[PDB]
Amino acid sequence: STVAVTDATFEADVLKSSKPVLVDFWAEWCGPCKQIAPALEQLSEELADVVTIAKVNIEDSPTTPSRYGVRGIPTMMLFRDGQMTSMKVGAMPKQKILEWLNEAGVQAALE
């Protein structure tokens, strides 16, 4: 299952994580956000012990999206050792997100 992260818990759940985190920015009023919501509960379990998948609600926790320049939702951002390394805007098939995390993982290993 996915980790629900707030402004108060973001630095402990995400920036101090010992693993890549996929942070998903959403709002209860966005439709695409509800379209990809099942896909990320599947990736949460498929990628357990490899990638944490976090959900941040931009209406309850405004500071974290402000700090990273979110302009639309869904916005998915990958974090690695406290730093934001990549992002994807808009709804996206489950397999495109895997391809993106595979290439994020390859690129991080070669730097």
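The numbering used is simple: start at 1 and walk along the sequence shown.
Two stretches are in play, 60-68 and 29-37, and the higher mean C-alpha B-factor belongs to 29-37. Mean CA B-factor, 92-100 versus 20-28: the higher value falls on 92-100. Across the options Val50, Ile73, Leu78, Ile53, the residue with the most elevated CA B-factor in the record is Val50. For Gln42, the recorded CA temperature factor ranks within the highest third of the chain's modelled residues. Split the chain's modelled residues into thirds by C-alpha temperature factor. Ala109 is in the middle one.
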